[PDB]
Structure formats: structure tokens, C-alpha cells
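For reference, the structure is listed below as C-alpha cells.
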Protein chains: 2
Amino acid sequence: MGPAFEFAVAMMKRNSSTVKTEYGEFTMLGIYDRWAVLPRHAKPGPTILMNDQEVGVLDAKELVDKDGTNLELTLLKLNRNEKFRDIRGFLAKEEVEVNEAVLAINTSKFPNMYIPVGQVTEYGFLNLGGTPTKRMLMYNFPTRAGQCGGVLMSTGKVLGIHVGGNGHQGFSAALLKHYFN
Amino acid sequence: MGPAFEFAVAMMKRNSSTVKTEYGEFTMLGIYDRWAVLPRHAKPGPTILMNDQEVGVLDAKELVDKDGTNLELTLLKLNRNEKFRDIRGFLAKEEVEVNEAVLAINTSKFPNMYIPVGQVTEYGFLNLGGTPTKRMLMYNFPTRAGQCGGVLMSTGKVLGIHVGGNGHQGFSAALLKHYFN
Ligand SMILES: *[C@@H](CC(=O)OCC)[C@H](C[C@@H]1CCNC1=O)NC(=O)[C@H](Cc1ccccc1)NC(=O)[C@H](COC(C)(C)C)NC(=O)OCc1ccccc1
Ligand SMILES: *[C@@H](CC(=O)OCC)[C@H](C[C@@H]1CCNC1=O)NC(=O)[C@H](Cc1ccccc1)NC(=O)[C@H](COC(C)(C)C)NC(=O)OCc1ccccc1
């Protein structure tokens with residue numbers, strides 16, 4: 001939990017930004033090069049507001065699996081010269097389970113706030129907002145609107161991105177190494 | 001920062017609650033016996049909602065110093081049989097400065113969220129919402145409405161209660177040992 005939070009904070013400082021799409025305000029983790037990730041329901045258009053500045057979106061990939069099932073992630077390539085710090089070494093090849101994770105959020109509504117979510121379990125299939133969705137990671141903590149995009153982390157690992165929630169159960173889309181390339 | 005967050009979380013689990021007064025929703029640290037603390041501007045009436053339940057307020061002390069200057073703390077004695085875990089050993093005799101503090105919040109709006117605020121400096125006098133106020137602790141982080149009552153902590157220490165903020169500067173009222181008794 002403690003080394004989780006230390007990792008979480010250093011990672012948010014180096015690789016996250018606050019983004020606005022027409023569909024709301026999100027935390028955004030940049031991954032490597034000009035590629036970042038948002039929840040799919042962030043629905044990025046041709047331009048987004050990153051740290052209050054218009055940034056053109058050169059490409060958005062809505063991620064689905066081999067059967068077209070929603071993974072609730074949108075990869076985006078940014079029209080910007082600054083490259084993100086390569087963090088793909090922190091993404092696992094498959095869905096991570098951990099005893100101690102922190103969820104990290106960084107928006108106008110939740111400015112640099114961290115939640116100790118505890119154990120993260122590979123939940124897998126979840127019908128989320130009426131959309132059958134896979135590779136879900138689940139954690140218990142009281143979820144809230146505005147926390148999507150939050151970055152789920154433990155010591156040495158970026159597990160995924162917060163995309164949904166009901167009640168006191170939160171859900172991240174696993175953020176997997178091979179999504180990058 | 002890491003051992004700060006571990007301490008913060010264990011302390012919030014053992015001694016904090018979510019409170020509603022007519023003036024809003026607050027984090028509330030219980031200190032010992034039936035005595036807890038709220039920001040003064042929480043303005044507790046004869047009854048409050050603690051963890052969604054009506055609790056009678058048997059006594060509220062608005063704290064001022066020897067010259068009547070606002071300290072922005074209200075001590076309250078709760079009409080309840082459960083005694084708080086005695087935490088006065090975690091309160092200092094004078095205002096604490098630290099290199100690494102976490103601010104801990106626990107309301108419907110910010111449910112179990114933690115902010116790494118960094119260095120806490122004894123700020124002292126501050127005109128806050130038009131009220132000359134003393135024993136202020138200052139930390140840099142983007143403050144928000146709804147975070148009052150938040151508990152400012154480092155490893156082994158409860159420094160104070162969040163009571164105000166402007167811009168990217170936050171302020172706690174130092175929570176001092178001798179306020180208790
Ligand atoms: C993040 C987005 C946001 O706030 O909008 C603009 C900034 C938001 C966070 C959740 C809200 C409350 N708890 C949260 O963590 N994400 C969403 O609202 C999701 C949006 C979405 C994702 C994928 C497809 C379609 C929409 N939607 C949900 O989380 C959705 C909301 O339902 C209620 C009940 C919470 C209002 N949850 C959902 O469909 O859960 C199904 C479920 C989950 C677990 C057990 C049973 C059922
Ligand atoms: C907590 C209470 C709340 O949200 O209400 C019901 C739930 C709230 C938290 C601040 C809001 C934005 N930043 C915060 O951390 N606390 C307050 O609003 C304080 C209430 C109060 C305390 C003591 C006496 C009277 C009222 N008030 C402030 O923090 C006040 C708000 O001013 C603005 C500019 C932020 C809107 N701040 C203030 O007066 O600051 C003076 C100052 C501070 C530092 C440098 C220059 C000036």
C-alpha cells in the first residue's frame with residue numbers, strides 16, 4: 001500500500017495529464033511516444049484539451065478483442081512533439097492481480113487524489129453500461145463519476161485504467177503490454 | 001510519503017467518520033472518549049448526521065486563543081455510547097512541520113481519498129474567509145470545496161484538520177494536544 005502510493009505518485013507526475021473531451025473530464029496516462037490511453041466512453045474527437053490546451057488527435061483506436069468484444073480502452077496518438085516517458089515495461093502481458101493497489105486520479109474534480117483500493121482481482125467479463133466488456137479488473141472501494149481514466153497501480157506495476165463502477169465495486173480495463181504496437 | 005499514507009489509512013479506518021451538518025458534509029476525526037473535531041465553519045447544531053445516523057451534540061466548543069482569535073476548530077462531544085480510540089498521543093503540543101504529509105478525506109464526494117500534500121509549514125496567522133485566524137499549517141496542493149475536515153497526517157503524527165484553501169495552497173488548523181481537556 002505504502003510503496004504502491006510512492007510508485008503511484010511518481011508515475012502520475014511523470015506520465016499523467018488532465019484531459020477534457022466533449023464527454024467529460026478524464027485522467028489520461030501517456031504510455032510511450034505520442035500514444036496515450038483513455039476509457040472508451042471518453043469518446044475523444046479530432047481535438048482534446050490536455051492540461052487546458054488544444055491537442056489534435058491524429059488517431060484513436062477503440063480496442064476490442066478477437067471477437068469484437070469491448071475492452072473499454074481508446075488508444076490515442078497525440079498531435080504533439082513531446083514524447084511520453086516509455087512506460088510499457090510497467091504494463092503486464094496479461095491481467096494483473098495484486099494484494100495492494102492504489103487508484104490515482106488527477107482532474108479538476110479530484111486533483112492528485114489517491115485511493116487505496118486494496119486487492120485487485122481479474123474479474124474478466126462484465127456487462128458495463130449495457131456493453132458486454134472483457135479483461136475487467138475489480139477492486140472494492142466506493143466508486144464515483146469523474147474518476148474514469150484513473151490509473152490503477154501497485155509497486156512496480158501499471159495494472160489498468162478505471163472505466164466503471166457500481167456501488168462499492170470499481171473496475172479497470174486491464175492495460176496490457178501488447179496493446180502497444 | 002509512503003509510511004505517511006499507511007499511517008493515514010489505518011488512522012482514517014479507526015477514527016474518522018463522514019458527518020453532515022446543515023452547512024455541509026465533512027470528514028470528522030474522533031479524538032478520545034465522545035469528543036471529535038470539525039472545522040469551525042461546519043457549524044454543528046444540536047444534532048449531526050454521523051455515518052448517516054442522527055447523533056445528538058451534547059457540547060460544542062468553538063476554539064479561540066487567549067486573545068479570542070479564531071482557531072477554526074470546533075470540538076464536539078457526541079451523544080453516543082461508543083468511545084473513540086484515544087489518539088491524543090498522535091497530537092503534538094505545538095504546530096507540526098513535516099517534509100511529507102498526506103491529507104485524508106472521507107465524504108460522499110471524496111470517498112477514502114488521500115492527497116500527497118508534501119511539506120507542511122507552520123504558517124500561523126491567516127485571514128481566512130474574512131476571519132483573522134491563527135495556528136494555520138500550510139501545504140501546496142490544489143484545494144477543493146468539500147475537503148474540509150480532511151485530516152492532515154505524516155508518519156506517527158496527526159498534524160491538524162483542513163479548514164481552508166486558495167488556489168494551490170491548502171490550510172489546516174493545527175490540532176494540538178492540549179485542546180483536549
Ligand atoms: C467514469 C466516467 C464519467 O464520470 O463521465 C464523464 C467524466 C464513470 C465512473 C463510474 C460512475 C459511478 N462509479 C464509477 O466508477 N464511468 C462510468 O460511468 C461508466 C461509463 C461507461 C463505461 C462503459 C460503457 C458504457 C458506459 N459506466 C458505469 O460505470 C456504469 C454506471 O452505472 C451506475 C449504476 C453506477 C450509475 N456502471 C455499470 O453499468 O455497472 C454495471 C455493473 C457493475 C458491477 C456490478 C453490477 C453491474
Ligand atoms: C471546506 C468547506 C466546504 O467545502 O463547505 C461545505 C462542505 C472549504 C475548502 C476550501 C474551498 C476551496 N479550497 C479549499 O480548501 N473551506 C472553505 O471554503 C473555508 C470556509 C471558511 C473557513 C474559515 C472562515 C470562514 C469560512 N473558506 C475558504 O477556504 C476561503 C474560500 O475562498 C476562495 C477564494 C477559495 C473561494 N478561502 C479564503 O478565504 O482564503 C484566504 C486566502 C488564503 C490563502 C492566500 C490568500 C487568501
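Every chain in the C-alpha cells takes a letter, A first, then B, and so on in the order presented; its residues are numbered from 1, and the ligands are numbered from 1 following the presented order.
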Check chain B with DSSP on the backbone and list each residue it calls alpha helix (DSSP H), as a PyMOL selection string.
chain B and resi 2-15
For chain B against ligand 1, with a cut-off of 12 Å and counting only C-alpha atoms and all ligand atoms, what is the closest atom pair and its distance in Å to one decimal for every residue that makes the cut, ordered by chain and number, as a Markdown table?
| residue | atom | partner | partner_atom_place_in_ligand_line | distance |
| --- | --- | --- | --- | --- |
| B:108 | CA | ligand 1 | 12 (C) | 11.8 |
| B:109 | CA | ligand 1 | 12 (C) | 11.5 |
| B:111 | CA | ligand 1 | 13 (N) | 11.5 |
Set the cut-off to 10 Å, count only C-alpha atoms and all ligand atoms, and list whatever residues fall near ligand 2 as number ranges by chain.
B: 19-27, 39-42, 70-73, 107, 109, 126-133, 138, 141-150, 162-173
Sort by chain and increasing residue number a table of all residues of chain A within 6 Å of chain B, each with its closest pair of atoms and their distance in Å to one decimal, counting only C-alpha atoms, and write it as a Markdown table.
| residue | atom | partner | partner_atom | distance |
| --- | --- | --- | --- | --- |
| A:2 | CA | B:2 | CA | 4.1 |
| A:3 | CA | B:2 | CA | 5.7 |
| A:6 | CA | B:2 | CA | 5.5 |
| A:113 | CA | B:115 | CA | 4.9 |
| A:114 | CA | B:114 | CA | 5.1 |
| A:115 | CA | B:113 | CA | 4.9 |
Within 9 Å of region 87-101 of chain A, counting only C-alpha atoms, which residues qualify if same-chain residues fewer than 3 places away don't, as a PDB file with N, CA and C atoms, in the first residue's frame?
ATOM      1  N   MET A   1       0.861  -1.212   0.000  1.00  0.00           N
ATOM      2  CA  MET A   1       0.000   0.000   0.000  1.00  0.00           C
ATOM      3  C   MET A   1       0.893   1.257   0.000  1.00  0.00           C
ATOM      4  N   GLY A   2       1.805   1.354   0.979  1.00  0.00           N
ATOM      5  CA  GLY A   2       2.831   2.414   1.029  1.00  0.00           C
ATOM      6  C   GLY A   2       3.762   2.507  -0.169  1.00  0.00           C
ATOM      7  N   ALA A   4       3.116   1.072  -2.942  1.00  0.00           N
ATOM      8  CA  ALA A   4       2.147   1.350  -4.026  1.00  0.00           C
ATOM      9  C   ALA A   4       1.944   2.862  -4.263  1.00  0.00           C
ATOM     10  N   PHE A   5       1.725   3.611  -3.181  1.00  0.00           N
ATOM     11  CA  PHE A   5       1.375   5.050  -3.245  1.00  0.00           C
ATOM     12  C   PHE A   5       2.568   5.893  -3.716  1.00  0.00           C
ATOM     13  N   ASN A  15       3.793  10.816 -16.053  1.00  0.00           N
ATOM     14  CA  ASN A  15       3.056  10.314 -17.235  1.00  0.00           C
ATOM     15  C   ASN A  15       1.576  10.623 -17.391  1.00  0.00           C
ATOM     16  N   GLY A  30      -0.175   8.780 -20.378  1.00  0.00           N
ATOM     17  CA  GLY A  30       0.548   8.666 -21.613  1.00  0.00           C
ATOM     18  C   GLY A  30       1.489   7.492 -21.500  1.00  0.00           C
ATOM     19  N   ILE A  31       1.647   6.717 -22.579  1.00  0.00           N
ATOM     20  CA  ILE A  31       2.352   5.412 -22.479  1.00  0.00           C
ATOM     21  C   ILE A  31       3.753   5.402 -23.074  1.00  0.00           C
ATOM     22  N   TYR A  32       3.888   5.833 -24.307  1.00  0.00           N
ATOM     23  CA  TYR A  32       5.200   5.899 -24.926  1.00  0.00           C
ATOM     24  C   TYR A  32       4.961   6.755 -26.169  1.00  0.00           C
ATOM     25  N   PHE A  84       5.969  10.942 -24.628  1.00  0.00           N
ATOM     26  CA  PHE A  84       5.806  10.414 -23.273  1.00  0.00           C
ATOM     27  C   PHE A  84       6.980   9.538 -22.844  1.00  0.00           C
ATOM     28  N   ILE A 115      -6.520   6.540  -4.000  1.00  0.00           N
ATOM     29  CA  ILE A 115      -7.447   5.763  -3.211  1.00  0.00           C
ATOM     30  C   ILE A 115      -6.813   4.428  -2.915  1.00  0.00           C
ATOM     31  N   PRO A 116      -6.706   4.026  -1.651  1.00  0.00           N
ATOM     32  CA  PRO A 116      -6.231   2.639  -1.514  1.00  0.00           C
ATOM     33  C   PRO A 116      -7.337   1.582  -1.803  1.00  0.00           C
ATOM     34  N   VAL A 117      -7.292   0.942  -2.971  1.00  0.00           N
ATOM     35  CA  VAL A 117      -8.422   0.082  -3.376  1.00  0.00           C
ATOM     36  C   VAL A 117      -8.257  -1.343  -2.870  1.00  0.00           C
ATOM     37  N   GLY A 118      -7.073  -1.640  -2.350  1.00  0.00           N
ATOM     38  CA  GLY A 118      -6.745  -2.999  -1.865  1.00  0.00           C
ATOM     39  C   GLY A 118      -6.482  -4.028  -2.971  1.00  0.00           C
ATOM     40  N   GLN A 119      -7.023  -5.217  -2.775  1.00  0.00           N
ATOM     41  CA  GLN A 119      -6.831  -6.343  -3.673  1.00  0.00           C
ATOM     42  C   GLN A 119      -7.472  -6.058  -5.012  1.00  0.00           C
ATOM     43  N   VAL A 120      -6.759  -6.392  -6.080  1.00  0.00           N
ATOM     44  CA  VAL A 120      -7.298  -6.317  -7.451  1.00  0.00           C
ATOM     45  C   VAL A 120      -7.415  -7.756  -7.969  1.00  0.00           C
ATOM     46  N   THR A 121      -8.653  -8.119  -8.322  1.00  0.00           N
ATOM     47  CA  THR A 121      -8.929  -9.413  -8.944  1.00  0.00           C
ATOM     48  C   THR A 121      -9.336  -9.359 -10.420  1.00  0.00           C
ATOM     49  N   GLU A 122      -8.738 -10.268 -11.163  1.00  0.00           N
ATOM     50  CA  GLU A 122      -9.072 -10.429 -12.553  1.00  0.00           C
ATOM     51  C   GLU A 122     -10.535 -10.836 -12.593  1.00  0.00           C
ATOM     52  N   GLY A 124     -12.640 -10.138 -15.388  1.00  0.00           N
ATOM     53  CA  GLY A 124     -12.903 -10.602 -16.750  1.00  0.00           C
ATOM     54  C   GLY A 124     -14.162 -10.002 -17.347  1.00  0.00           C
ATOM     55  N   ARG A 135     -11.787  -8.332 -19.888  1.00  0.00           N
ATOM     56  CA  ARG A 135     -10.490  -8.036 -19.244  1.00  0.00           C
ATOM     57  C   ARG A 135     -10.584  -7.016 -18.133  1.00  0.00           C
ATOM     58  N   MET A 136     -11.727  -7.047 -17.441  1.00  0.00           N
ATOM     59  CA  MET A 136     -12.030  -6.173 -16.304  1.00  0.00           C
ATOM     60  C   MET A 136     -11.216  -6.571 -15.072  1.00  0.00           C
ATOM     61  N   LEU A 137     -10.666  -5.589 -14.348  1.00  0.00           N
ATOM     62  CA  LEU A 137     -10.043  -5.853 -13.054  1.00  0.00           C
ATOM     63  C   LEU A 137     -11.008  -5.235 -12.070  1.00  0.00           C
ATOM     64  N   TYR A 139     -12.003  -4.176  -7.864  1.00  0.00           N
ATOM     65  CA  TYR A 139     -11.447  -3.771  -6.575  1.00  0.00           C
ATOM     66  C   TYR A 139     -12.630  -3.192  -5.836  1.00  0.00           C
ATOM     67  N   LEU A 152      -4.769   2.581 -12.204  1.00  0.00           N
ATOM     68  CA  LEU A 152      -4.706   1.572 -11.183  1.00  0.00           C
ATOM     69  C   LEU A 152      -3.252   1.098 -11.116  1.00  0.00           C
ATOM     70  N   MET A 153      -2.655   1.170  -9.917  1.00  0.00           N
ATOM     71  CA  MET A 153      -1.261   0.807  -9.726  1.00  0.00           C
ATOM     72  C   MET A 153      -0.916   0.089  -8.407  1.00  0.00           C
ATOM     73  N   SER A 154       0.105  -0.767  -8.496  1.00  0.00           N
ATOM     74  CA  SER A 154       0.760  -1.293  -7.295  1.00  0.00           C
ATOM     75  C   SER A 154       2.249  -1.055  -7.492  1.00  0.00           C
ATOM     76  N   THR A 155       3.069  -1.380  -6.493  1.00  0.00           N
ATOM     77  CA  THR A 155       4.522  -1.309  -6.628  1.00  0.00           C
ATOM     78  C   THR A 155       5.048  -1.919  -7.923  1.00  0.00           C
ATOM     79  N   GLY A 156       5.729  -1.123  -8.724  1.00  0.00           N
ATOM     80  CA  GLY A 156       6.287  -1.580  -9.974  1.00  0.00           C
ATOM     81  C   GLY A 156       5.309  -1.922 -11.097  1.00  0.00           C
ATOM     82  N   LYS A 157       4.006  -1.718 -10.908  1.00  0.00           N
ATOM     83  CA  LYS A 157       3.065  -2.129 -11.952  1.00  0.00           C
ATOM     84  C   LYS A 157       1.998  -1.077 -12.261  1.00  0.00           C
ATOM     85  N   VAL A 158       1.725  -0.898 -13.562  1.00  0.00           N
ATOM     86  CA  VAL A 158       0.515  -0.195 -14.002  1.00  0.00           C
ATOM     87  C   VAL A 158      -0.489  -1.293 -14.437  1.00  0.00           C
ATOM     88  N   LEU A 159      -1.530  -1.531 -13.639  1.00  0.00           N
ATOM     89  CA  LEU A 159      -2.491  -2.629 -13.903  1.00  0.00           C
ATOM     90  C   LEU A 159      -3.498  -2.309 -15.000  1.00  0.00           C
ATOM     91  N   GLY A 160      -4.061  -1.096 -14.932  1.00  0.00           N
ATOM     92  CA  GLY A 160      -5.086  -0.683 -15.905  1.00  0.00           C
ATOM     93  C   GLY A 160      -5.642   0.699 -15.632  1.00  0.00           C
ATOM     94  N   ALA A 173     -10.050  -1.370 -16.900  1.00  0.00           N
ATOM     95  CA  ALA A 173      -9.759  -2.186 -18.038  1.00  0.00           C
ATOM     96  C   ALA A 173      -8.258  -2.512 -17.924  1.00  0.00           C
ATOM     97  N   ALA A 174      -7.916  -3.797 -17.904  1.00  0.00           N
ATOM     98  CA  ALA A 174      -6.504  -4.193 -17.856  1.00  0.00           C
ATOM     99  C   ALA A 174      -5.724  -3.513 -18.963  1.00  0.00           C
ATOM    100  N   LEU A 175      -4.579  -2.951 -18.600  1.00  0.00           N
ATOM    101  CA  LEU A 175      -3.781  -2.231 -19.578  1.00  0.00           C
ATOM    102  C   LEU A 175      -2.561  -3.069 -19.899  1.00  0.00           C
ATOM    103  N   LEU A 176      -2.601  -3.681 -21.070  1.00  0.00           N
ATOM    104  CA  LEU A 176      -1.739  -4.788 -21.374  1.00  0.00           C
ATOM    105  C   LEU A 176      -0.662  -4.354 -22.351  1.00  0.00           C
ATOM    106  N   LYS A 177       0.531  -4.913 -22.107  1.00  0.00           N
ATOM    107  CA  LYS A 177       1.719  -4.608 -22.881  1.00  0.00           C
ATOM    108  C   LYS A 177       1.474  -4.632 -24.382  1.00  0.00           C
ATOM    109  N   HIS A 178       0.875  -5.704 -24.869  1.00  0.00           N
ATOM    110  CA  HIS A 178       0.765  -5.861 -26.322  1.00  0.00           C
ATOM    111  C   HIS A 178      -0.262  -4.913 -26.963  1.00  0.00           C
ATOM    112  N   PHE A 180       0.226  -2.040 -26.936  1.00  0.00           N
ATOM    113  CA  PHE A 180       1.135  -1.080 -27.538  1.00  0.00           C
ATOM    114  C   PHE A 180       1.999  -1.671 -28.668  1.00  0.00           C
TER     115      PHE A 180
END
When DSSP works through the backbone of this structure, what residues of region 47-108 of chain A end up as strand (DSSP E or B), shown as a PyMOL selection string?
chain A and resi 47-50+53-64+70-79+84+92+98-105
Residue 61 (chain A) surroundings by only C-alpha atoms, 7 Å radius, close-in-sequence under 4 positions cut, as a PyMOL selection string
chain A and resi 74-76
Can I get the selected residues back with N, CA and C atoms, as a compact mmCIF listing (two decimals), in the first residue's frame?
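So the final result, stored in selection34.txt, reads:
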# COMPACT_ATOMS: atom_id res chain seq x y z
N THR A 74 -9.55 3.34 -25.24
CA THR A 74 -9.27 4.00 -26.51
C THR A 74 -7.83 4.47 -26.51
N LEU A 75 -7.01 3.87 -27.39
CA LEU A 75 -5.64 4.38 -27.61
C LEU A 75 -5.65 5.64 -28.47
N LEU A 76 -4.92 6.66 -28.06
CA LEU A 76 -4.87 7.82 -28.94
C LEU A 76 -3.47 8.30 -29.17
Skip residue 47 (chain B) itself and residues of its chain fewer than 3 positions away, then list as a PDB file with C-alpha atoms, in the first residue's frame all residues within 7 Å of it, counting only C-alpha atoms.
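Contents of the output file out07.pdb:
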ATOM      1  CA  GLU B  54     -28.562  11.230  13.791  1.00  0.00           C
ATOM      2  CA  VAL B  55     -26.225  11.826  16.715  1.00  0.00           C
ATOM      3  CA  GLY B  56     -27.036  14.451  19.365  1.00  0.00           C
ATOM      4  CA  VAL B  57     -24.330  17.066  20.039  1.00  0.00           C
TER       5      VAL B  57
END
Enter the distance from CA of residue 123 (chain A) to CA of residue 37 (chain A), in Å, rounded to one decimal.
20.6 Å
How far is it from CA of residue 44 (chain A) to CA of residue 60 (chain A), in Å with one decimal?
7.5 Å
What lies within 10 Å of residue 33 (chain B) using only C-alpha atoms, ignoring chain neighbours under 6 positions off, as a list in words?
residues 77, 78, 80, 81, 82, 83, 84, 85, 86 and 87 of chain B
Please write the residues from the selection above to a file, keeping N, CA, C and O atoms, as a PDB file, in the first residue's frame.
ATOM      1  N   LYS B  77     -18.687  17.095  21.662  1.00  0.00           N
ATOM      2  CA  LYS B  77     -18.952  15.924  22.454  1.00  0.00           C
ATOM      3  C   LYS B  77     -20.225  15.322  21.920  1.00  0.00           C
ATOM      4  O   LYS B  77     -21.250  15.990  21.826  1.00  0.00           O
ATOM      5  N   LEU B  78     -20.141  14.052  21.580  1.00  0.00           N
ATOM      6  CA  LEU B  78     -21.232  13.339  20.913  1.00  0.00           C
ATOM      7  C   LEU B  78     -22.140  12.580  21.879  1.00  0.00           C
ATOM      8  O   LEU B  78     -21.682  11.938  22.845  1.00  0.00           O
ATOM      9  N   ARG B  80     -23.193   9.656  22.291  1.00  0.00           N
ATOM     10  CA  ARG B  80     -23.073   8.258  21.834  1.00  0.00           C
ATOM     11  C   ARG B  80     -22.302   7.415  22.826  1.00  0.00           C
ATOM     12  O   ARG B  80     -21.430   7.933  23.562  1.00  0.00           O
ATOM     13  N   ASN B  81     -22.645   6.131  22.884  1.00  0.00           N
ATOM     14  CA  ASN B  81     -22.025   5.235  23.841  1.00  0.00           C
ATOM     15  C   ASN B  81     -20.641   4.735  23.442  1.00  0.00           C
ATOM     16  O   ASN B  81     -19.803   4.526  24.311  1.00  0.00           O
ATOM     17  N   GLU B  82     -20.419   4.496  22.148  1.00  0.00           N
ATOM     18  CA  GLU B  82     -19.096   4.088  21.669  1.00  0.00           C
ATOM     19  C   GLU B  82     -18.073   5.206  21.882  1.00  0.00           C
ATOM     20  O   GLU B  82     -18.319   6.374  21.549  1.00  0.00           O
ATOM     21  N   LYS B  83     -16.941   4.849  22.475  1.00  0.00           N
ATOM     22  CA  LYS B  83     -15.875   5.804  22.740  1.00  0.00           C
ATOM     23  C   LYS B  83     -14.939   5.727  21.583  1.00  0.00           C
ATOM     24  O   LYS B  83     -14.641   4.606  21.110  1.00  0.00           O
ATOM     25  N   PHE B  84     -14.401   6.878  21.155  1.00  0.00           N
ATOM     26  CA  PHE B  84     -13.333   6.871  20.155  1.00  0.00           C
ATOM     27  C   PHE B  84     -12.031   6.287  20.698  1.00  0.00           C
ATOM     28  O   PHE B  84     -11.732   6.467  21.868  1.00  0.00           O
ATOM     29  N   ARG B  85     -11.243   5.649  19.823  1.00  0.00           N
ATOM     30  CA  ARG B  85      -9.892   5.212  20.156  1.00  0.00           C
ATOM     31  C   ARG B  85      -9.023   6.443  20.520  1.00  0.00           C
ATOM     32  O   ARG B  85      -8.844   7.361  19.700  1.00  0.00           O
ATOM     33  N   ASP B  86      -8.492   6.464  21.755  1.00  0.00           N
ATOM     34  CA  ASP B  86      -7.698   7.601  22.243  1.00  0.00           C
ATOM     35  C   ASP B  86      -6.515   7.841  21.310  1.00  0.00           C
ATOM     36  O   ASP B  86      -5.587   7.013  21.232  1.00  0.00           O
ATOM     37  N   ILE B  87      -6.554   8.962  20.577  1.00  0.00           N
ATOM     38  CA  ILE B  87      -5.458   9.325  19.641  1.00  0.00           C
ATOM     39  C   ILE B  87      -4.655  10.573  20.030  1.00  0.00           C
ATOM     40  O   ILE B  87      -3.861  11.084  19.235  1.00  0.00           O
TER      41      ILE B  87
END
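When only C-alpha atoms are used to compute distances to residue 51 (chain A), the closest of the residues A:11, A:64, A:28, A:102 turns out to be A:28.
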From the list B:161, B:151, B:66, B:58, the nearest residue to residue 12 (chain B) using only C-alpha atoms is B:151
Just how far from CA of residue 50 (chain B) is CA of residue 29 (chain B), in Å to one decimal?
11.2 Å
